[PDB]
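Below, chain A is the first sequence line, B the second, and so on; all start at residue 1.
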Amino acid sequence: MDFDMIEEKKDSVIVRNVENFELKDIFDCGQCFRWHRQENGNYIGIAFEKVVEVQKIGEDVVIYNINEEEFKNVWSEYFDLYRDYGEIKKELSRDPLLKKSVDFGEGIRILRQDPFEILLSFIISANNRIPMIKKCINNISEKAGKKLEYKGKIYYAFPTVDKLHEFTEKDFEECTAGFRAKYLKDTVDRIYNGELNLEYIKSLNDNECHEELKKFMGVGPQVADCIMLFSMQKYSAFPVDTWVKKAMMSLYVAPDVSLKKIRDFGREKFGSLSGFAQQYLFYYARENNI
DNA sequence: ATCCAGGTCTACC
DNA sequence: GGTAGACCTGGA
Ligand code: NA
């Protein structure tokens, strides 16, 4: 694990001896949409019906608004703290072409997020800009999510399946999902009536999981890979969006290679570490606007 | 303006 | 199996 012990305080939990953990790298690498950077460098986020604030001071991480029981059963896995990222980076760095990207995002960790929230979040992500994606997700939450209080402000949890099933296509359009509104409505319908079961899909091996996710309207090869990587821990995923495409064309493939060929090339080369390789590549490419 | 952003769906050889 | 057009929105 990438930490050694924790200390439960009155208003938070302190995680000691943390390694491969930097706030900007984790929250701004593209994998999540409900974490917001604070003036002081901290980040406040909403996940699993809770508001959490995270601060990094030296080798210690302070997670506000949670206790030890919550750290053990929810947040330790949320931050993927049981995985040794030093080994991941060591293996990937054997490839000189990946070195610069790994060095740039040394503190990245792949969060273990909720399948339902992630499914809808990435359907919204298609042919969209992150700022807009964040707004749409928060609007959806404000419209039907549970009220949460933290430091004088009311935050809204992501809606339950039952509450989201109450949405009409127009409701999604109002939250500004654009043309994706119909996809979100259809998807929530299939989750609600049980046509597709997320717990079942998450239990499948990487390839079968990917195929089932593509059954959802609005989900293609890229969105499916994001969903299984970010909420189902299927690490052979290699989501090829515009940024990863650019990164791969700069290092491994020609400018006329299809996205499918790029995905297959990446998965073949990086294997079980494809998802991690993709994140370092994405973050470097987007931040440096290659 | 025309293109781009965490693409996907539809029509079609 | 592989491939041009259309598609909400809004900052550059
Ligand atoms: Na689909």
**Request:** Would you please indicate yes or no on a ring centroid separation below 6.0 angstrom for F33(A) and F122(A)?
**Result:** yes
**Request:** Sequence neighbours left out, what passes side-chain contact (heavy atoms from CB on, under 4.5 Å) with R286(A)? Give chain and number order.
**Result:** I130(A), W243(A), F282(A)
**Message:** Test: salt bridge (charged side-chain N to carboxylate O under 4.0 Å, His left out). Region: residues 124-142 of chain A. Which pairs qualify, not counting sequence neighbours?
**Reply:** none
**Complete:** Going 5' to 3' through nucleotides 7-13 of chain B and flagging B where a protein heavy-atom sits under 4.0 Å of the base, S where only the sugar-phosphate is that close, and - otherwise, we get BSS----
**Item:** Residue-level proximity of residues 265-273 of chain A to DNA chain C when a heavy atom falls under 4.0 Å
**Value:** none
**Request:** Would you indicate what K246(A) reaches in the nucleic acid, counting non-hydrogen atoms under 4.0 angstrom: base, sugar-phosphate, or nothing?
**Result:** sugar-phosphate
**Message:** I'd like to check the side-chain contact (heavy atoms from CB on, under 4.5 Å) partners of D162(A); sequence neighbours left out, ordered by chain and number.
**Reply:** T160(A), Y192(A)
**Request:** For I57(A), enumerate each residue passing the side-chain contact (heavy atoms from CB on, under 4.5 Å) test, keeping only those at least two apart in sequence or located in another chain.
**Result:** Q55(A)
**Set of ring pair (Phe, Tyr, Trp, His ring centres under 6.0 Å) partners for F216(A), sequence neighbours left out** = none
**Request:** With sequence neighbours excluded, tell me which residues meet side-chain contact (heavy atoms from CB on, under 4.5 Å) with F265(A).
**Result:** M248(A), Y252(A), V253(A), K269(A)
**Asked** Just checking, any donor-acceptor pair under 3.5 angstrom between side chains of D206(A) and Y235(A)?
**Response** no
**Request:** Can you tell me which residue pairs pass the salt bridge (charged side-chain N to carboxylate O under 4.0 Å, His left out) test with a partner in residues 31-59 of chain A, sequence neighbours excluded?
**Result:** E22(A)-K56(A), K50(A)-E70(A)
**Asked** Taking 5' to 3' order, which nucleotide of DNA chain C is first and which is last to have an atom within less than 4.0 Å of a heavy atom in chain A?
**Response** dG2(C) to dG10(C)
**Request:** For DNA chain B, list all stems, counting runs of three or more consecutive pairs where every pair is Watson-Crick or G-U wobble with both distances under 3.5 Å.
**Result:** B:3-5 with C:9-11, B:7-10 with C:4-7
**Prompt:** What residues form a ring pair (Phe, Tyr, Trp, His ring centres under 6.0 Å) with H36(A), not counting sequence neighbours?
**Reply:** none
**Centroid separation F104(A) to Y283(A) less than 6.0 Å** = yes
